[PDB]
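Protein chains in written order, with the working numbering: chain H, 13 to 151; chain D, 3 to 76; chain V, 112 to 185; chain C, 104 to 168; chain X, 820 to 865; chain B, 27 to 163; chain P, 160 to 239; chain R, 137 to 889.
The structure under discussion appears below in the form of C-alpha cells.
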Amino acid sequence: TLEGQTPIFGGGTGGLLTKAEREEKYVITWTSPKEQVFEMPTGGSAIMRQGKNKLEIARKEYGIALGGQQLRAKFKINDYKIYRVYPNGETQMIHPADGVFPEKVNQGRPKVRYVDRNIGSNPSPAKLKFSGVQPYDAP
Amino acid sequence: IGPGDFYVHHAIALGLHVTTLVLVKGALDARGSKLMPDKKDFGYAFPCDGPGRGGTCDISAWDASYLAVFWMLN
Amino acid sequence: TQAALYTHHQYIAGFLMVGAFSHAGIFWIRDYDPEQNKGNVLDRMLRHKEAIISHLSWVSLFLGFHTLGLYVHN
Amino acid sequence: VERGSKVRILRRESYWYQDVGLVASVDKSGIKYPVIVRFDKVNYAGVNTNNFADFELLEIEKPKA
Amino acid sequence: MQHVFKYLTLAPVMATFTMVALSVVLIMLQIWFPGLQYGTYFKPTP
Amino acid sequence: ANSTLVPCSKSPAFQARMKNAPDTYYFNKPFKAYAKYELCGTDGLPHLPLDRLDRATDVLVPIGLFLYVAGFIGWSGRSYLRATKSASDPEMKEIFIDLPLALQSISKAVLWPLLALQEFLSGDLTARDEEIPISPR
Amino acid sequence: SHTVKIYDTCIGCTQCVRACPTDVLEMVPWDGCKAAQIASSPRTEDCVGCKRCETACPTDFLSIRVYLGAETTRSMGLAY
Amino acid sequence: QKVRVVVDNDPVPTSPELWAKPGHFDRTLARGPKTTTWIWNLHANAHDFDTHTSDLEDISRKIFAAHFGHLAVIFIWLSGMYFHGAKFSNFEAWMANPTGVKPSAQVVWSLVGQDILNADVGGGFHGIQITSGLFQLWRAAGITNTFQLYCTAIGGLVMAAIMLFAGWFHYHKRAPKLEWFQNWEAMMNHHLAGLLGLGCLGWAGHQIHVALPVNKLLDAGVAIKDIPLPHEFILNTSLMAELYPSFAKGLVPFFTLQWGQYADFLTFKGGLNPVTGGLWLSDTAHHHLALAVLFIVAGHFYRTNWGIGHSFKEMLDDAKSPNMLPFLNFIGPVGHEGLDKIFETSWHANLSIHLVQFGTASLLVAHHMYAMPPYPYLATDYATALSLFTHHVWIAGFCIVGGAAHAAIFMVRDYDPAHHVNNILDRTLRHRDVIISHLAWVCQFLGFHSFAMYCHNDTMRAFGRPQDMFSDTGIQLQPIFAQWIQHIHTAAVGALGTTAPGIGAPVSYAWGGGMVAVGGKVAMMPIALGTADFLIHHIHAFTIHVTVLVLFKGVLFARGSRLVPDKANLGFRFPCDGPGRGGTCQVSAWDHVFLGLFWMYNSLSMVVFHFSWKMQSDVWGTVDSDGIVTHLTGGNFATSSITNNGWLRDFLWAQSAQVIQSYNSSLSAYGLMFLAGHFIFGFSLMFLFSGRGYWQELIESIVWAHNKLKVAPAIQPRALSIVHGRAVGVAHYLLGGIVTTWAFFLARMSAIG
Ligand code: CLA
Ligand code: CLA
Ligand code: CLA
Ligand code: CLA
Ligand code: CLA
Ligand code: CLA
Ligand code: CLA
Ligand SMILES: CC1=C(C/C=C(\C)CCC[C@H](C)CCC[C@H](C)CCCC(C)C)C(=O)c2ccccc2C1=O
Ligand code: SF4
Ligand code: SF4
C-alpha cells in the first residue's frame, strides 16, 4: 500500500477516468516542508499538506510534469516517487527507477538501444527488403 | 488561336512545371535533405520530424504528392 | 458529350501523372540502393538534384511572374 | 588536424557537409569524435559547433604561423 | 547624429528609399510619356 | 507571309476604338502612336508578333534594355555580397547597407556584361561542386 | 511502442533526458565521449513520441532518434 | 493621502543610439541576425513589452507612452479626413443638395488612366464617392463650409503633436511609478465623470448652442449663406431666442429646477426628422445631457481620498457564498476573492475585458445606427448606411477575438495558482470539461437545427416539394418572441400598454409605427420577421456559439489539457509538442485564436450578408407619389434566403452584377479589388494547407544555386516558422475575403444606392 495524505482539493473534472479502474493508474508521493499551494497537472490548484502527500494521476506524464517542473524546480522537493498501480492491486515504483534521477549518471545502468555507429551509416531500406529489419535496427 | 490562347498555354506551362517541381522535389528528396538527412529510414509517409530544427511540417515525400494534387487540380 | 469526354480523360491523366511521381518517390526509399546503381544514369540524377530542382523553380517563377503580370496589366 | 586549422566537413549527414569550419580544439583522449569544429553559419537548430573525427575532416589551410 | 545616419542605412529604410525613388521615376515616365507600348518605345511622336 | 494582322491605321475596328476613345492625355497621343507603329488584329487591338524580320529592333530593344538593367541589379547584389564575406560580421552588413561598398558595387555593375564574361573565362564566376554544401543522396 | 535509438555521436550532455516528459531516457556510464556518459532508452514503452529529446540534442546530426511505431494507450497520451 | 502622484525623473535618456540597434529590446534578438527568422522575430516581438523586461513598472510606462503614440496616429488620421473634406471634396455642393449629390472627398491624379475613377458624383465634381458618412456627421455638427473643416484639420494636427510630446514626456522625462497605475478607484472616477461625463456635457453644449440652431435653419430651407456663423448664436442672444423661445429665460429655469421650460430644445420626441431622416438633434442633445449627468454621478462611486465611496477589493471579497443569492451560492465560499490580484499585475487581463467591450460597443453602434439613423440624410444614403454597419461589425469581431486572445495570454503568463484557491476563476478551470462539452453539444444542436434545415430546404425545393420546406408558405417557423417585442415596443409609445407615454413617435420605425421617406427613398420602415428571419438568426446563434467554442476552449486549456499537461511551460504561442501522442498540432492557445479568426470571419460574413440582403429586400427602395415602395431587390428575401441556392443565385450571383460589370467605368476600381480579394484568399491557402518542412527543403536547392554563383546571402534563408506560416495564412485569408466583400458591397451601392 502507498501511504500519504491527499492534497486538499475540492474536486475537478480532469481527474481519473475509466482507464484508472480498468487498465492502469499512477500515484505520485512526495514530502514537503510546509503546507503550500501547487497546481494540479490537469487544471486547478490544490494545497499540499504539511507532511507527506499522495496524489492519484491518470498518466505518467502528469507525475513527471508535477514532480519535475513544480516539486523540484519550484518547491525544492527532491524526494518524489511515481508508482504504477494496476487494477489487481500490484504496485511498482517506476520513477526514479533505481533511486537516482535519470539525468544523473549512475553505475550499473546498461546501455539500451545503443547503435554503434553514426546515424548516417544506417543501411538503405532496399538492402533489408522482406527481412523485417528496420535500417536503424540493422547490425 | 490568338493572343488569348497564347496566355493560357503559358498558364498551362506554369501549371505543368510547378506540379512537376513539387513531384520531382519530393521524389528526389525522398531519401533525405539537409533538414532531414535520414528521411529514408522513416518511410514514404510520416507526419513530420517534430518542431525541432525550426519545424518539419509536410517534410515526407508523401506530403509532396499531397501538395502536388492541389497543383494538378489547379 | 465532347466536353465531358475531354474533361474526363484530362483529369484522369493528371491523376495518373501524380501517381507516376508518387511511386517514383516510393521507389527511391524502398527499392533503390546506391551500391547496385553506383555510377549509372540513375545515380547521376540524384547527384545533381539541386540543379534540377532550382532550375525547375526558376522556370516556375519566370512563368508565374510574367503570365500573372501580363494578365493583371491587361 | 590541430587547433586553428581550416577544414572541410566530410560527414554526409552534417549540416556543414562540404562546407568549411575552423578547428577549435582536439581532444587527446581516445574518444570517438575528439575534434571540435566551429562554423560561421548556424544549422537548423541554431548550433554552430560540432564534434568530428579525423577521417571526417579535410585539411584545407594550416594554422597561422 | 551618427546614430541617425546609421539608422538611415537600415535595410528597410534603404528598401523604402529605393522603392520610392524607382516608383517616382516610373510614375513620371507615365506622366511625360503615357501609353508607351512594345513596338513603340524610342519612336518619334506622329 | 502573315495576313491576319494588318497595320492599325488600316483596321476599321481600330478606327472605331480611336474615334470613340475619350479625349484625354491617355488616349490622344497613344492612339496616334499605335496607328503608325502597331499591327492590329480583327478585334482592332494592337498585337505583338514575333514572325517579322522587319521591326526586329522593336523586339531586341525592350529585351536588351531589360536584360541590361536586370543584370545590373543582379551584379550589384552579387559583387556587394562577395565583398562583405571578408568582413567580420557579414550578416550585419546585410541589414545595414554599407554605402561606400554599395556605391562601389553599383559603379562596377554598369559594365556587368564585360565583368561577367571575364569572371566566366577566369573561372571566378562559379564555385566548384565539391566546395558547396549539399544534402546526402 | 515507439523506438528510441542512441548513436555513438552522443556527447553526454544529458539534455535529452531532462527534456523527456515521461522519463524514457536515463544517462549510463560510457567512454566514447569526454563526458564519460551516454543516453539510454530503457523505458521506450512510456515514450509518447513528442521528440522533445531530439529538439534538445545539440549534435549534428542527432545523437538520439525517435521512430514512431505501434500505437498503444500510453504512447497515444490517452488519459482515458 | 493614499491617492497621489509619484513619478521618476529622467528614467530613460532620449538618445537615438538604440535606433541603430534592431532587436535591442530582446536578449536573443540583440546579438544580431544569423538567419532570416531573426527579421520576422524582430517585428513579431516589437510590442510584446512583457517579454522585453520583467519589471511591471517599466512595462506600465511603455503602455502609457505607446498609448499617446496611438492617439497621435488617430489624430493624424482624423486631420486627414477633415482636410480632404475641406480641400478635395464637394462638401459645399452636397450641403446645398444633400439628396441629389453623392458625397466625395478623394480625387485621383491623371497619369495612367486612373482618373476614370473620378466618378460623376454631382455638384459639378469628379471624385470617388465616399461611404464613410463624414458629410452627414459634419452637417449634424453644424459645419457648413470648408473653412470650418480646415480649422478642424489644423487642430487635429496640433493635437497629434501634443499627443506625441505627451508620450515622450511621460516616458523619457516624467514616468509614473507602478503605484500610480494601480489606482483603480481614482482612474474610474476620473474616466467616468471627467472623460465620459464631461465629454457628454461638452458635446451637449456644442449641440444646444451650435448644432440645433444651424440644423433647424437648414431643415427650414434657408440657404447656407443666410445662416449665421455658429458664434453668432452665442453673442446675439436674440437670434437664439427666435429659434427656441425658452432661451429668453436664460439660466433661471435650470437653477430653479423648472426644467420643463427647456422642453422646446431638449425634446423627447422619438422617431425621425421628416426632412432629413435622421434623429432629432434636440433629442440627441437631451440624450447626451442626460448621459453627462449620469456619468458624472457615476464618477463619485469609488473611494479615492476622502473615505466616501466603494472599494473594489471590498466589493470583490464580499461576492461569495453565503453572501450571494440562494440560487447563486454555487460560486463557492471564496467567490470573487482573489480576483483583485489579477488587476494589480495583469495588463493582458484588462486588455481582454476592454477589447470585448469595444466589440460590444461597436456591435451596438452597428445595430442602433441603421435602425435609428442619427445623422441627416444618412438613412437614404444606402452606400454609407451599408458601409457603416459592415465596418463596425467587422471591427467588433476583431476586438472580440482580441479579447479572447489576451485572456489566453493572461492565463499562460500572468495567472498564478496561489492567488486563486477555490475561487471562481479556479472553479471555472476545474469544470472546464463540463463547460466545453456542453458548448460542443449546443454547437452541434445549433448546426443541425440551423444549417441542415437550409439543406432540407434546398432538397425539398429541388424535388419540387415547396410545401415541405421551412418557409412562410410551408412548415412555418415564426419568430414569435421577436415579433412580440416589436409589438411591445411599438405600443409603448402609443403607435403592457403605453409603458413609455412620453415618447411621441416610435423609438425606431424598424419595430413599426410607420414609414419615413426623405428624397423619394425609404429612410426606415417596419422590418417584418418571418420564417426566413428565424432561420438566419439561428444561423447567427450557431456561428457565434462555435466561435465561442474555439476561443473559450483555448483560454480554458491554455495552461494544459489531458493531452499536453504542461502547455503553460511551452508558452502562449508555440506550434506543437511533436507528432507524439498521435499528433499535437495547434494545441497552444494561440492556434485557438488562429482558428477562431476564421470562425469570426465566417460568422460576421453572414451577419453583414443578412443585413445587406434584408435591407435591400424589405426596407430600402424608392417611394413614388402614391406611397408605393419598390425595394432594391423586390422583396425576394422571404422566399430566396431560405435556401443557400437562393443565397448563391439571388444574392451572390445577382447582386455581384455591379462589381462584375464595373470595367470601363468609374467603379472599375471595385472590380479590380474584387479580383484582388479573390487572389489573396487563394494565395493564403498555400500557407494554410502546407508546412515549412517542404519549403525549407525547397529553399535548400535554391540556396545551392546561389552558392554555385557565389551570391548566397550571409543571413541564411529560412522557411517561415510553423506559427508564422499559420499567421500569414490567416492574415491573407481574412484580408482577401474581407476585401472581396468590401468591393462587392461598395460597387453595388455606389451604382444603385
Ligand atoms: C478627468 C480626467 C481624465 C481624463 C479626461 C482622462 C482621459 C484619458 N485617459 Mg486617463 N487618467 C486620469 C484622468 C483622466 N484621464 C487619472 C487621474 C489617472 C490616474 C489614475 C489616469 C490614468 C490613465 C492611464 C494609465 C491611461 C489613461 C488613458 C486615457 C485616455 C484613454 C483613451 C481615450 O478614451 O481617448 C480619449 C480621446 C481623447 C481625444 C480625449 C482627449 C485627450 C486629451 C489628452 C484630454 C485633454 C482634456 C483636458 C481637460 C483639456 C480640455 C480642453 C478643453 C476641452 C477645455 C484618455 C485620453 C490611457 C491612454 O491612452 O493614455 C494615453 C491610459 O493608458 N489614463
Ligand atoms: C488595443 C488592442 C491591442 C493591443 C494593445 C495588443 C497588444 C498585443 N498583442 Mg494583440 N490582438 C488584438 C489587439 C491588441 N493587441 C486583436 C484585436 C487581436 C485579434 C486579431 C489580437 C491578436 C493577437 C495575437 C494572436 C497575438 C497578439 C500579441 C500581442 C502582443 C505583442 C504585439 C505584437 O505581436 O506585435 C504586432 C506585430 C506585428 C508584426 C503585427 C502586424 C501585422 C498585422 C497582423 C498586419 C495587419 C494587416 C493590415 C492591417 C491590412 C493590410 C496591410 C497592407 C500592407 C496589405 C501585445 C501585448 C502576440 C503576443 O505574443 O501576445 C503576448 C500574439 O501572439 N495579439
Ligand atoms: C494502377 C495504379 C496504381 C496502383 C497499383 C497503386 C498501388 C499502390 N499505391 Mg498508388 N497511386 C496511384 C495509382 C496506383 N497506386 C495514383 C494514380 C496516385 C496519385 C493519386 C497514387 C498515389 C499514391 C500515394 C500517395 C500512395 C500510394 C500507395 C500505394 C500502395 C499502397 C496502397 C494503399 O495505400 O492501400 C490502399 C489505399 C486506399 C484504398 C486509399 C483509400 C482510397 C483513397 C483515399 C481515395 C478516396 C476514395 C474516393 C472517395 C472514391 C474512390 C472509389 C472507391 C471505390 C474507393 C500500392 C502499392 C501508398 C504507398 O505505397 O505507401 C508507401 C501511398 O502512400 N499511391
Ligand atoms: C492563388 C493561389 C496561389 C498562388 C498565386 C500561388 C503562387 C505560387 N506558388 Mg503555390 N500553392 C497554393 C496557392 C497558390 N500559390 C495552394 C493552395 C497550394 C497547396 C498547399 C500551393 C502549393 C505550392 C507548392 C507546393 C509550391 C507552390 C509554388 C508557388 C510559386 C510558383 C509560381 C511562381 O513562381 O509564380 C511567380 C509568383 C507568384 C505568381 C506569386 C505572386 C507574386 C506577387 C503577385 C508579387 C507582388 C509583389 C508586390 C510588391 C507585393 C505587394 C506588397 C505586399 C507584400 C504587402 C508561386 C509563389 C512553388 C514554388 O514556390 O516554386 C518556386 C511550389 O513548390 N505552391
Ligand atoms: C542579390 C541579388 C540576387 C541575384 C544575383 C540572384 C540570382 C539568382 N537567383 Mg535569387 N533571390 C534574391 C537575390 C538575388 N538572386 C533575393 C533577395 C531573393 C529573395 C526574394 C531571391 C530568391 C530567389 C528564388 C526563390 C530563386 C532565385 C533564383 C535565382 C537564380 C536564377 C533566377 C534569378 O536571377 O533570380 C530572379 C530573382 C528573384 C527570383 C527574386 C530576386 C529579386 C530581389 C528583389 C532582388 C534584390 C536585389 C538586392 C536587394 C540588391 C542589393 C544590392 C545592393 C546592396 C548593392 C540566380 C542564381 C532561382 C534559382 O535558384 O534558379 C536556379 C529561384 O528559384 N532567387
Ligand atoms: C450610451 C452611450 C451613448 C450613446 C447611445 C450615444 C449616441 C449618440 N452619440 Mg454620443 N457620446 C457618448 C455616449 C453615447 N452617445 C460619450 C460617452 C461621448 C464622449 C464623452 C459621446 C460623444 C459624442 C460626439 C462627439 C458625437 C456623438 C454623437 C452621437 C449620435 C450618433 C450615433 C452614435 O454615436 O452612435 C451611438 C452609439 C452607441 C449606440 C453605442 C456607443 C456608446 C458607448 C460606447 C456604449 C458603451 C457601452 C459598453 C459597450 C458597455 C461597457 C461595459 C459595462 C460594464 C459598463 C448618437 C445620438 C454624434 C452626433 O452628432 O449626434 C447626433 C457626435 O458628433 N456622441
Ligand atoms: C461547410 C463546411 C463545414 C462543415 C459542414 C463543418 C462542420 C462542422 N464543424 Mg467545421 N470548419 C470548416 C468547415 C466546415 N465545418 C472550416 C473551413 C474550418 C476552418 C476554420 C472549420 C473549423 C472548425 C472548428 C475549429 C470547429 C468546427 C466544428 C464543426 C462542427 C460543428 C457542429 C455542427 O455543426 O454539427 C452539425 C453538423 C453539421 C452542420 C455538418 C453538416 C451535416 C449535414 C448538413 C447533414 C448530414 C445528414 C446525414 C447525417 C448524412 C449521413 C449520410 C451517410 C451516408 C453519411 C461540425 C462537424 C466545431 C466542433 O467540432 O464543435 C462541435 C469546432 O470546434 N469546425
Ligand atoms: C510559401 C510558403 C513559405 C515560403 C515563404 C517564405 C520563405 C517567405 C518569403 C517572403 C519574401 C522574401 C518577402 C518579400 C516578397 C515581396 C513580394 C518582394 C517584393 C519585391 C519588389 C522588387 C517588388 C513558407 O516558408 C511556409 C512556412 C510554413 C507554412 C507555409 C509556408 C508557405 O506556404
Ligand atoms: S505542427 Fe508540424 S512539426 Fe508540429 S506535430 Fe504538427 S506537423 Fe509535426
Ligand atoms: S541530448 Fe543528444 S548529445 Fe545530449 S545526451 Fe542526449 S543523445 Fe547525447
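We put the beta carbon where it would ideally sit given N, CA and C, even for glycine.
Quick one, are the C-beta atoms of residue 36 of chain D and residue 136 of chain C less than 9 angstroms apart? Residue 36 of chain D is not a Cβ neighbour of residue 136 of chain C, given a cutoff of 9 angstroms.
If you drop the 5 nearest sequence neighbours on each side, which residues of the same chain put their C-beta closer than 6 angstroms to that of residue 123 of chain C? These residues qualify, in order along the chain: 111.
Please state whether DSSP places residue 229 of chain P in a helix, a strand or coil. Three-state result, residue 229 of chain P: coil.
When you compare only the Cα positions, how much space is there between residue 60 of chain B and residue 105 of chain B? Between the alpha carbons of residue 60 of chain B and residue 105 of chain B lies a gap of roughly 41 angstroms.
Consult DSSP for residue 728 of chain R and reduce its assignment to one of helix, strand or coil. In the three-state DSSP reduction, residue 728 of chain R falls in the helix class (H, G or I).
Three-state secondary structure assigned by DSSP to residue 51 of chain H: Secondary structure of residue 51 of chain H (DSSP, three-state): strand.
Can you name the residues that DSSP bridges to residue 239 of chain R? According to DSSP, which records beta bridges pairwise, residue 239 of chain R is partnered with nothing at all.
Please list the terminal residues of the continuous alpha helix (DSSP H) segment that includes residue 120 of chain B. That run of the alpha helix (DSSP H) goes 118-121.
Inter-stretch contact (C-beta, 8 angstroms, three-pair minimum) for the segment 62-74 of chain H and the segment 24-32 of chain H: Note that the segment 62-74 of chain H touches the segment 24-32 of chain H; at least 3 beta-carbon pairs, one per stretch, sit closer than 8 angstroms.
Check for me: the beta strand (DSSP E) holding residue 93 of chain H runs from which residue to which? In the DSSP assignment, residue 93 of chain H falls within the unbroken beta strand (DSSP E) covering 93-97.
With residue 142 of chain V and residue 138 of chain H assumed to form a contact (beta carbons below 8 angstroms), what rounded beta-carbon distance in angstroms separates them? Indeed, because the Cβ distance is near 5 angstroms, the residues count as touching under 8 angstroms.
DSSP state of residue 160 of chain R, grouped into three classes? Three-state result, residue 160 of chain R: coil.
Within 9 angstroms (strictly less), CB to CB, does residue 147 of chain C reach chain D? Yes, its Cβ sits closer than 9 angstroms to a Cβ of chain D.
Could you tell me the boundaries of the beta strand (DSSP E) in which residue 161 of chain C lies? Run containing residue 161 of chain C: 160-164, per the beta strand (DSSP E) assignment.
Starting from residue 877 of chain R, trace the beta strand (DSSP E) in both directions and tell me its first and last residue. That residue, residue 877 of chain R, is in no beta strand (DSSP E); its alpha helix (DSSP H) goes 858-888.
Please identify the residue among R/484, R/257, R/566 whose C-alpha is closest to the C-alpha of residue 543 of chain R. Residue 543 of chain R has its Cα closest to that of R/484, out of R/484, R/257, R/566.
Which of the three DSSP states is assigned to residue 46 of chain H in this structure? In this structure, residue 46 of chain H counts as coil in the three-state DSSP scheme.
Going by the C-beta, is residue 214 of chain P closer than 8 angstroms to any heavy atom of ligand 9? Between ligand 9 and the CB of residue 214 of chain P, the shortest heavy atom gap is not smaller than 8 angstroms.
Is it the case that the CB of residue 206 of chain R approaches a heavy atom of ligand 3 more closely than 8 angstroms? Not so, every heavy atom of ligand 3 lies at least 8 angstroms from the Cβ.
Inter-residue CB distance, residue 800 of chain R and residue 594 of chain R (contact presumed, cutoff 8 angstroms): Rounded, the Cβ-Cβ distance is 37 angstroms, inconsistent with contact.
Less than 8 angstroms separating the Cβ of residue 129 of chain V from some heavy atom of ligand 3? True, at least one ligand heavy atom lies under 8 angstroms from that Cβ.
Can you check the segment 29-96 of chain B for any alpha helix (DSSP H) of at least 4 residues that lies completely inside it and give the ranges in chain order? With a minimum length of 4 residues, the continuous alpha helix (DSSP H) runs that stay inside the segment 29-96 of chain B are 38-46, 51-63.
Terminal residues of the continuous alpha helix (DSSP H) containing residue 74 of chain H? For residue 74 of chain H, the enclosing alpha helix (DSSP H) has its first and last residue at 72-77.
Paired residues, beta bridge with residue 17 of chain H - DSSP: In the DSSP output, where bridge partners are listed per residue, residue 17 of chain H has H/65.
Residue 23 of chain H versus residue 52 of chain H: straight-line alpha-carbon distance, rounded: Spanning the two alpha carbons is a distance of roughly 11 angstroms.
Does DSSP classify residue 606 of chain R as helix, strand or coil? Look at residue 606 of chain R here: in three-state DSSP terms it is strand.
Is any heavy atom in ligand 7 found nearer than 8 angstroms to the beta carbon of residue 863 of chain R? No, since every heavy atom of ligand 7 falls outside the 8 angstroms radius drawn around the Cβ of residue 863 of chain R.
Short of 8 angstroms Cβ to Cβ, which residues in the segment 851-863 of chain X face chain R? Within the segment 851-863 of chain X, the residues whose Cβ lies closer than 8 angstroms to some Cβ of chain R are 853, listed in chain order.
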